[PDB]
Structures are given as structure tokens and as C-alpha cells.
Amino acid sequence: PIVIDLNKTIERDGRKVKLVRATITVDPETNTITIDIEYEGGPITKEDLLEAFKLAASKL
């Protein structure tokens, strides 16, 4: 269970999304990476989750 601090905000389309943490779950047997993303902000969307998906990778 890999944990990454983000501490970055995204104000996309008027939605405040202050990022908190990214909990990465890597499973080498199914070739799958699962990413839990905690944020303290307004309603999140699929476009915003890809942004925090970019940020989590840039921090490791």
C-alpha cells in the first residue's frame, strides 16, 4: 500500500478540489494499478481524477 502526499489544488470549471493523498494499490498478478484519491474540496469529476492521477505519478 503506497501512499503519496499531494497537497495541490485544482479549480477546474469552478470546482475547488484540494488534493490530500493518493493510496496506490499495485497488483502484479492482474497487471492492475488501483489508485485511491482523497481530496478536501468540491464535487470531483472524471477530468479531475485524471489530473490527480497525473500529479500522483509526478511525485514518485
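From 1 onward, residues are counted along the sequence shown.
Chemist: Once the chain's modelled residues are ordered by C-alpha B factor and cut into thirds, is residue 2 in the lowest, middle or highest one?
Modeler: Ranked within chain, residue 2 CA B lands in the middle tercile.
Chemist: Is residue 46 in the lowest, middle or highest third of its chain when residues are ranked by C-alpha B-factor?
Modeler: Its C-alpha B-factor belongs to the lowest third of this chain's values.
Chemist: Among the modelled residues of its chain, does the C-alpha B-factor of residue 52 lie in the lowest, middle or highest third?
Modeler: Ranked within chain, residue 52 CA B lands in the highest tercile.
Chemist: Tell me, lowest, middle or highest third: where does the Cα B factor of residue 22 rank within its chain?
Modeler: According to the entry, residue 22 has a C-alpha B-factor in the chain's lowest third.
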